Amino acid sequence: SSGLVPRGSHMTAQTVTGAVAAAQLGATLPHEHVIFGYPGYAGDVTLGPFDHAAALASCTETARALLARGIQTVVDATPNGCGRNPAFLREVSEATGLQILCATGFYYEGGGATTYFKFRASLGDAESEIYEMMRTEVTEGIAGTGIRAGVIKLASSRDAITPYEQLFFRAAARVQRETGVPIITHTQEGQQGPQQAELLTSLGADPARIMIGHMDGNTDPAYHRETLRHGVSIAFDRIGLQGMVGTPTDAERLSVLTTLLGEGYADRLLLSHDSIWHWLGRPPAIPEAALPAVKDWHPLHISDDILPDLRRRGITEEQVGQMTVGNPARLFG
């Protein structure tokens, strides 16, 4: 155990099919979505119902493609009000042998099912209620199913980590101290990564069990270094989603990643696509002038295009294996 070792509580990952040893995780995609729906999809159920059979078949087929690439584990980052479904994920994992960790947490203020806790917080101690929720889901189970969350998912807004969002960061830090559970995050439009890192550590969370996400959203390597200064891991986890919204191109992403890799940060970098394998609600109807932005936005893009492009640029096999197997065994294992 060389470097920054986590622990001070638990030593194994909790997947939707149960406990798994750090050594069993194999290469991991740390931020993906088996199913995902923007909050409000369930109100469009009349015309956009879930086709369980089509979903299970499509999701298992994508799981099989991943296992063929040697990926043995996926961390499903779906927030509580964005379609999270542990029972479903379990079916997918049982059908294929792909290991899946699910999350506990709500999305950022402007993008999650926010109204509920914003309201409870105006009438009482919402931080304590969010903490009780994260702890029960991480230690006992989600919705009386016995399936436990393997990560706590946090998210902040673009201009600041809002008071609403901080209720979750405080509750999350506490659960992290008490269970050692991993924490992954969402940053909005390439901002707040350093503030996030600072707030979670200042609150006592283990920086070795923290992964600040969507860091590929910023193209100034200075921004990632300031974040890395905290000891936390960062993830370029929207690889393949290019130009959509404020998103950069993978060429801008690989430029910043190779700079950081050449500075010795391999032990702190992770890669994922933030893909959605099956959308909840009605099928998205993507405009013509947007097809390029999502063309490479699927879960086989890193294995097929990215790792080879890195290797051809000078990145070693040991660096690649540290990002894809080394880092997750320690952060989630």
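Numbering starts at 1 and runs along the sequence shown.
Per-stretch averaging of Cα B factors for 8 to 16 and 21 to 29 places 8 to 16 on top. Look at the mean CA B-factor for 182 to 190 and for 221 to 229 in the entry; the higher one is 221 to 229. By the numbers in the PDB entry, the CA B factor is greatest at 141 among 83, 141, 240, 213.
Sorting 129, 159, 206, 263 by the CA temperature factor given in the entry leaves 159 at the top.
In the PDB entry, a CA B factor belonging to the highest third of its chain's modelled residues is recorded for residue 288. Among the modelled residues of its chain, residue 278 has a C-alpha B-factor that falls in the lowest third according to the deposited record. Compared with the other modelled residues of the chain, the Cα B-factor recorded for residue 78 ranks in the lowest third. Sorting the modelled residues of the chain by their CA temperature factor places residue 111 in the middle third. Annotation for residue 105: C-alpha temperature factor in the lowest third relative to the rest of the modelled chain, per the entry.
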